[PDB]
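Enquirer: Be aware that the sequence shown starts at 193, since it is given in PDB author numbering, and climbs by one per residue. Backbone N, C-alpha and C define an ideal beta-carbon position, used for all residues, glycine too.
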Amino acid sequence: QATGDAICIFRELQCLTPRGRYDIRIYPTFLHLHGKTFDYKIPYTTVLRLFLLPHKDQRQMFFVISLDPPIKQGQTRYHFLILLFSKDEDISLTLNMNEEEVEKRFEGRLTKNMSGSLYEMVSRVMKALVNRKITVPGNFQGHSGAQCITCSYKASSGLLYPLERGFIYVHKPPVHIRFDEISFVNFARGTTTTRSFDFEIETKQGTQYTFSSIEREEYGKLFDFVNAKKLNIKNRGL
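1) Between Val256 and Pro365, how many whole angstroms is the CB-CB distance? I'm expecting something under 8 Å.
2) Flag this pair as yes or no: are the beta carbons of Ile199 and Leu276 separated by less than 9 Å?
3) Using the Cα positions of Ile274 and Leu430, report the straight-line distance between them to the nearest angstrom.
4) Enumerate in chain order the residues of its own chain whose CB-to-CB distance from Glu291 is below 6 Å, with the five nearest sequence positions on each side excluded.
5) What residues are listed by DSSP as bridge partners for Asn305?
6) So, for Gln339: in the same chain, excluding its five sequence neighbours on each side, which residues have a beta-carbon less than 7 Å away from its beta-carbon?
7) Spatial neighbours of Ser344 within its chain, please: C-beta separation below 6 Å, excluding the five flanking residues on both sides.
8) Reducing DSSP to helix, strand and coil, say where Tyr353 ends up.
9) Kindly indicate the opening and closing residues of the beta strand (DSSP E) around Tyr270.
10) My guess is that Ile393 and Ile369 are in contact by the Cβ rule of under 8 Å, so how many angstroms apart are they, rounded?
11) Excluding five sequence neighbours on each side, which residues of the same chain lie with their C-beta closer than 7 Å to the C-beta of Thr221?
12) So, for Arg316: in the same chain, excluding its five sequence neighbours on each side, which residues have a beta-carbon less than 8 Å away from its beta-carbon?
13) Answer yes or no: do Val322 and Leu242 have a C-beta to C-beta separation smaller than 9 Å?
14) Can the beta-carbon of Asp215 be found less than 9 Å from the beta-carbon of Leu208?
15) Do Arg251 and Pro262 have their C-beta atoms within less than 9 Å of each other?
16) Thinking C-alpha only, which one of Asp197, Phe202, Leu423 and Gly196 is nearest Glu312?
17) With a Cβ-Cβ cutoff of 9 Å, do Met253 and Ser278 count as a contact?
18) CA-CA distance, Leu205 and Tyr401?
19) Measure the beta-carbon distance from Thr395 to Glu373 and round it to whole angstroms, keeping in mind my assumption that it falls under 8 Å.
20) Give the secondary structure of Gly300 by DSSP, where H, G and I count as helix, E and B as strand, and everything else as coil.
21) Which residue from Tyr411, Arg324 and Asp282 puts its Cα closest to that of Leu240?
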(Lines of atoms letter the chains of each structure in order from A; the text may use other names.)
(Lines give C-alpha, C1' and ligand atoms only; values in the text may rest on other atoms or scores of the structure.)
Protein backbone atom coordinates (compact mmCIF):
# COMPACT_ATOMS: atom_id res chain seq x y z
CA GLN A 193 0.00 0.00 0.00
CA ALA A 194 3.04 2.23 0.42
CA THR A 195 4.04 3.89 -2.84
CA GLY A 196 7.80 4.33 -2.37
CA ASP A 197 9.34 6.49 -5.09
CA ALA A 198 5.94 7.12 -6.65
CA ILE A 199 3.50 9.95 -5.97
CA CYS A 200 0.65 7.41 -5.92
CA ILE A 201 -0.24 4.06 -7.47
CA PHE A 202 -3.51 2.97 -9.06
CA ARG A 203 -3.59 -0.81 -8.68
CA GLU A 204 -5.36 -3.55 -10.64
CA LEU A 205 -6.84 -1.37 -13.39
CA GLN A 206 -8.62 -3.11 -16.25
CA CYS A 207 -6.70 -2.15 -19.39
CA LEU A 208 -8.23 -3.01 -22.74
CA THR A 209 -5.13 -1.82 -24.65
CA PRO A 210 -2.76 -3.15 -23.83
CA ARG A 211 -5.03 -5.96 -22.70
CA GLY A 212 -4.60 -7.05 -19.10
CA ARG A 213 -4.48 -5.99 -15.48
CA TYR A 214 -1.97 -3.22 -14.79
CA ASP A 215 -0.89 -0.94 -12.00
CA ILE A 216 -0.23 2.68 -12.92
CA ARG A 217 2.53 4.29 -10.86
CA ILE A 218 2.52 8.09 -11.02
CA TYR A 219 5.86 9.89 -11.13
CA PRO A 220 6.60 13.60 -11.72
CA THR A 221 7.45 13.30 -15.43
CA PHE A 222 6.14 9.87 -16.46
CA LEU A 223 3.76 7.11 -15.50
CA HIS A 224 4.87 3.51 -15.09
CA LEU A 225 2.47 0.96 -16.55
CA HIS A 226 3.38 -2.13 -14.53
CA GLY A 227 2.06 -5.52 -15.59
CA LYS A 228 2.72 -9.07 -14.50
CA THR A 229 4.73 -9.64 -17.71
CA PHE A 230 5.46 -6.24 -19.29
CA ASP A 231 6.40 -2.77 -18.06
CA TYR A 232 6.25 0.57 -19.87
CA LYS A 233 7.45 4.03 -18.81
CA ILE A 234 5.38 6.73 -20.50
CA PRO A 235 6.58 10.35 -20.32
CA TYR A 236 3.78 12.88 -19.92
CA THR A 237 5.19 14.77 -22.92
CA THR A 238 4.13 11.81 -25.11
CA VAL A 239 0.49 12.08 -24.01
CA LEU A 240 -1.28 13.57 -27.05
CA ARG A 241 -4.87 13.50 -25.76
CA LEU A 242 -6.93 12.38 -22.77
CA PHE A 243 -10.54 11.21 -23.07
CA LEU A 244 -13.24 10.23 -20.58
CA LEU A 245 -16.07 8.46 -22.41
CA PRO A 246 -19.34 7.05 -21.01
CA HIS A 247 -20.00 3.48 -22.12
CA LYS A 248 -23.30 2.97 -23.93
CA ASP A 249 -24.46 0.66 -21.12
CA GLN A 250 -24.63 3.61 -18.67
CA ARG A 251 -22.61 1.59 -16.13
CA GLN A 252 -18.98 1.85 -17.31
CA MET A 253 -16.53 4.56 -18.33
CA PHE A 254 -13.58 4.54 -20.71
CA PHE A 255 -10.44 6.51 -19.93
CA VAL A 256 -8.27 6.83 -23.04
CA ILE A 257 -4.68 8.08 -23.24
CA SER A 258 -3.46 8.80 -26.77
CA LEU A 259 0.30 8.35 -27.15
CA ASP A 260 2.92 9.71 -29.55
CA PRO A 261 5.13 7.95 -30.00
CA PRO A 262 3.31 4.68 -29.27
CA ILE A 263 4.56 2.15 -26.78
CA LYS A 264 6.24 -0.92 -28.26
CA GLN A 265 5.88 -4.62 -27.41
CA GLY A 266 7.81 -6.57 -30.01
CA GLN A 267 6.27 -5.72 -33.37
CA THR A 268 3.01 -4.48 -31.83
CA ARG A 269 2.42 -0.78 -31.26
CA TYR A 270 -0.08 0.68 -28.81
CA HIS A 271 -1.10 4.20 -29.80
CA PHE A 272 -3.61 4.32 -26.95
CA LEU A 273 -3.89 3.25 -23.34
CA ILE A 274 -7.55 2.39 -22.72
CA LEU A 275 -8.82 1.81 -19.19
CA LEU A 276 -12.28 0.48 -18.35
CA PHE A 277 -14.08 1.47 -15.14
CA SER A 278 -17.36 0.74 -13.46
CA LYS A 279 -18.88 4.04 -12.34
CA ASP A 280 -19.67 2.47 -8.95
CA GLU A 281 -16.04 1.67 -8.10
CA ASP A 282 -14.52 4.08 -5.59
CA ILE A 283 -11.02 4.83 -4.34
CA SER A 284 -9.36 6.60 -1.42
CA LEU A 285 -6.00 8.03 -2.47
CA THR A 286 -3.15 9.40 -0.35
CA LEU A 287 -0.43 11.29 -2.21
CA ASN A 288 3.13 10.52 -1.09
CA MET A 289 4.06 14.10 -0.26
CA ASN A 290 3.18 16.62 2.42
CA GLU A 291 0.38 19.18 2.20
CA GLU A 292 2.70 22.06 1.33
CA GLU A 293 4.20 20.13 -1.58
CA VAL A 294 0.76 19.10 -2.85
CA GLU A 295 -0.33 22.75 -2.96
CA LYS A 296 2.95 23.88 -4.55
CA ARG A 297 2.91 21.16 -7.21
CA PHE A 298 -0.78 21.12 -8.16
CA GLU A 299 -2.09 24.65 -7.48
CA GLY A 300 -5.00 23.45 -5.33
CA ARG A 301 -6.27 21.00 -7.96
CA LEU A 302 -5.39 18.05 -5.70
CA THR A 303 -5.14 17.44 -1.97
CA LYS A 304 -2.99 14.99 -0.06
CA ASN A 305 -6.01 12.81 0.77
CA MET A 306 -8.73 12.44 -1.85
CA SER A 307 -11.76 10.20 -2.30
CA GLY A 308 -14.27 9.69 -5.07
CA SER A 309 -15.13 7.47 -7.98
CA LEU A 310 -12.11 5.66 -9.37
CA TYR A 311 -12.57 6.96 -12.91
CA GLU A 312 -12.95 10.51 -11.60
CA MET A 313 -9.80 10.16 -9.49
CA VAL A 314 -7.77 8.85 -12.44
CA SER A 315 -9.04 11.83 -14.46
CA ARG A 316 -8.24 14.35 -11.70
CA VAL A 317 -4.68 13.10 -11.24
CA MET A 318 -3.96 12.83 -14.97
CA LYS A 319 -5.30 16.35 -15.57
CA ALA A 320 -3.01 17.71 -12.85
CA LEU A 321 0.02 15.91 -14.33
CA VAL A 322 -0.51 16.41 -18.08
CA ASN A 323 -1.03 19.62 -20.05
CA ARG A 324 -4.01 18.14 -21.91
CA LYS A 325 -7.68 18.64 -21.18
CA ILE A 326 -10.00 15.78 -20.27
CA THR A 327 -11.86 15.43 -23.57
CA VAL A 328 -15.49 14.43 -23.05
CA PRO A 329 -18.59 14.17 -25.26
CA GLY A 330 -20.17 17.38 -26.47
CA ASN A 331 -23.78 17.81 -27.54
CA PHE A 332 -24.13 14.71 -29.73
CA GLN A 333 -26.97 12.34 -28.87
CA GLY A 334 -27.99 9.36 -30.98
CA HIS A 335 -31.37 7.94 -31.91
CA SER A 336 -31.72 6.23 -28.52
CA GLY A 337 -30.16 9.06 -26.48
CA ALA A 338 -26.63 7.72 -26.02
CA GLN A 339 -23.54 9.75 -26.88
CA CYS A 340 -22.02 7.05 -29.11
CA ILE A 341 -22.98 4.85 -32.06
CA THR A 342 -22.58 1.08 -32.24
CA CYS A 343 -20.57 0.13 -35.32
CA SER A 344 -17.86 -2.14 -36.70
CA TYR A 345 -14.30 -1.18 -37.63
CA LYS A 346 -11.80 -3.67 -39.06
CA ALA A 347 -12.65 -7.18 -37.75
CA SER A 348 -14.50 -6.22 -34.55
CA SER A 349 -17.38 -4.16 -33.18
CA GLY A 350 -17.21 -1.13 -30.93
CA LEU A 351 -18.44 2.39 -30.20
CA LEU A 352 -17.98 5.58 -32.24
CA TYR A 353 -18.08 8.84 -30.26
CA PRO A 354 -18.79 12.07 -32.18
CA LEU A 355 -16.88 14.60 -30.07
CA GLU A 356 -16.61 18.39 -30.26
CA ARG A 357 -13.49 18.35 -32.46
CA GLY A 358 -13.13 14.77 -33.70
CA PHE A 359 -14.35 11.21 -33.72
CA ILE A 360 -12.98 8.50 -31.46
CA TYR A 361 -13.69 4.80 -31.91
CA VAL A 362 -13.00 2.28 -29.14
CA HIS A 363 -11.57 -0.10 -28.52
CA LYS A 364 -10.20 -2.79 -30.89
CA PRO A 365 -8.47 -1.14 -32.41
CA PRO A 366 -8.89 2.47 -31.30
CA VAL A 367 -8.96 5.33 -33.80
CA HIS A 368 -9.01 9.09 -33.22
CA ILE A 369 -9.66 11.36 -36.22
CA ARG A 370 -9.71 15.12 -35.70
CA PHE A 371 -12.21 17.02 -37.82
CA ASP A 372 -9.38 19.15 -39.22
CA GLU A 373 -7.89 15.94 -40.67
CA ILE A 374 -11.06 15.03 -42.60
CA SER A 375 -11.35 15.68 -46.32
CA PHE A 376 -14.86 14.27 -46.67
CA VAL A 377 -17.27 11.71 -45.26
CA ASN A 378 -19.64 9.40 -47.10
CA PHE A 379 -22.78 7.48 -46.17
CA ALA A 380 -22.98 4.16 -48.01
CA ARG A 381 -25.58 1.41 -48.08
CA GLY A 382 -24.44 -1.64 -46.13
CA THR A 383 -24.04 -4.99 -47.86
CA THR A 384 -23.78 -6.92 -44.59
CA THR A 385 -27.43 -6.37 -43.62
CA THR A 386 -30.39 -4.37 -44.77
CA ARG A 387 -31.39 -1.59 -42.37
CA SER A 388 -27.73 -0.57 -41.92
CA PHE A 389 -25.24 1.80 -43.51
CA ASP A 390 -21.50 2.44 -43.50
CA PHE A 391 -19.93 5.74 -42.46
CA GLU A 392 -16.71 6.33 -44.39
CA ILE A 393 -14.15 8.99 -43.49
CA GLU A 394 -11.43 10.06 -45.93
CA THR A 395 -8.59 12.03 -44.38
CA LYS A 396 -6.58 14.78 -46.04
CA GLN A 397 -3.42 12.67 -45.72
CA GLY A 398 -4.99 9.98 -47.91
CA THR A 399 -6.45 7.32 -45.62
CA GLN A 400 -9.93 5.82 -45.41
CA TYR A 401 -11.69 4.64 -42.24
CA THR A 402 -15.02 2.81 -42.49
CA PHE A 403 -17.41 2.41 -39.55
CA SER A 404 -19.85 -0.18 -40.83
CA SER A 405 -23.15 -1.85 -39.93
CA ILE A 406 -24.61 1.24 -38.27
CA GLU A 407 -28.33 0.88 -37.63
CA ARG A 408 -30.39 2.91 -40.11
CA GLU A 409 -32.09 4.75 -37.24
CA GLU A 410 -28.75 6.42 -36.43
CA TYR A 411 -28.49 8.13 -39.84
CA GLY A 412 -30.52 11.26 -39.14
CA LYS A 413 -28.55 12.44 -36.12
CA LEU A 414 -25.15 11.51 -37.57
CA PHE A 415 -26.09 13.34 -40.77
CA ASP A 416 -27.11 16.42 -38.79
CA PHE A 417 -23.92 16.24 -36.71
CA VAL A 418 -21.60 16.02 -39.73
CA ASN A 419 -23.35 19.04 -41.24
CA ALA A 420 -23.14 21.02 -38.00
CA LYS A 421 -19.38 20.33 -37.92
CA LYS A 422 -18.99 21.45 -41.56
CA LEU A 423 -17.65 18.13 -42.83
CA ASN A 424 -18.01 17.71 -46.58
CA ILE A 425 -20.34 14.90 -47.64
CA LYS A 426 -19.13 13.40 -50.93
CA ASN A 427 -21.38 12.64 -52.57
CA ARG A 428 -24.92 13.91 -52.05
CA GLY A 429 -26.57 12.58 -55.22
CA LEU A 430 -26.90 8.86 -56.04
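Expert: On the basis of the supplied data:
1) Rounded, the Cβ-Cβ distance is 12 Å, inconsistent with contact.
2) Going by C-beta atoms, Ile199 is not nearer than 9 Å to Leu276.
3) The alpha-carbon separation between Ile274 and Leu430 amounts to approximately 39 Å.
4) Excluding positions up to five away in sequence, the list reads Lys304.
5) Looking at the DSSP output, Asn305 shares a beta bridge with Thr286.
6) Answer for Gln339: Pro246, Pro329, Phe332, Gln333 and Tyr353, listed in chain order.
7) Within the same chain, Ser404 and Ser405 come within 6 Å of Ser344 by CB-CB distance, once the 5 residues on both sides are set aside.
8) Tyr353 falls in the strand class under three-state DSSP.
9) Residues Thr268 to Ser278.
10) Between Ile393 and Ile369 the beta-carbon gap is near 6 Å, inside 8 Å, which marks them as a contact.
11) The answer, listed in chain order, is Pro235 and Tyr236.
12) Counting only Cβ-Cβ distances below 8 Å, and skipping sequence neighbours, we find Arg301, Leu302, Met306 and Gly308.
13) Annotated as proximal: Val322 and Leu242, with beta-carbon spacing under 9 Å.
14) Against a cut-off of 9 Å, the Cβ pair of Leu208 and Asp215 comes out as no contact.
15) The answer is no: Cβ separation not under 9 Å.
16) Measuring from the Cα of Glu312, the nearest candidate turns out to be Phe202.
17) Closer than 9 Å, so yes.
18) Counting only the Cα atoms, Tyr401 lies some 30 Å from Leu205.
19) The beta-carbon distance between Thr395 and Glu373, rounded to whole angstroms, is 5 Å. This is short enough to meet the 8 Å contact definition.
20) If DSSP states are grouped into helix, strand and coil, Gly300 belongs with coil.
21) Of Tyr411, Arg324 and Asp282, the residue nearest in Cα terms is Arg324.
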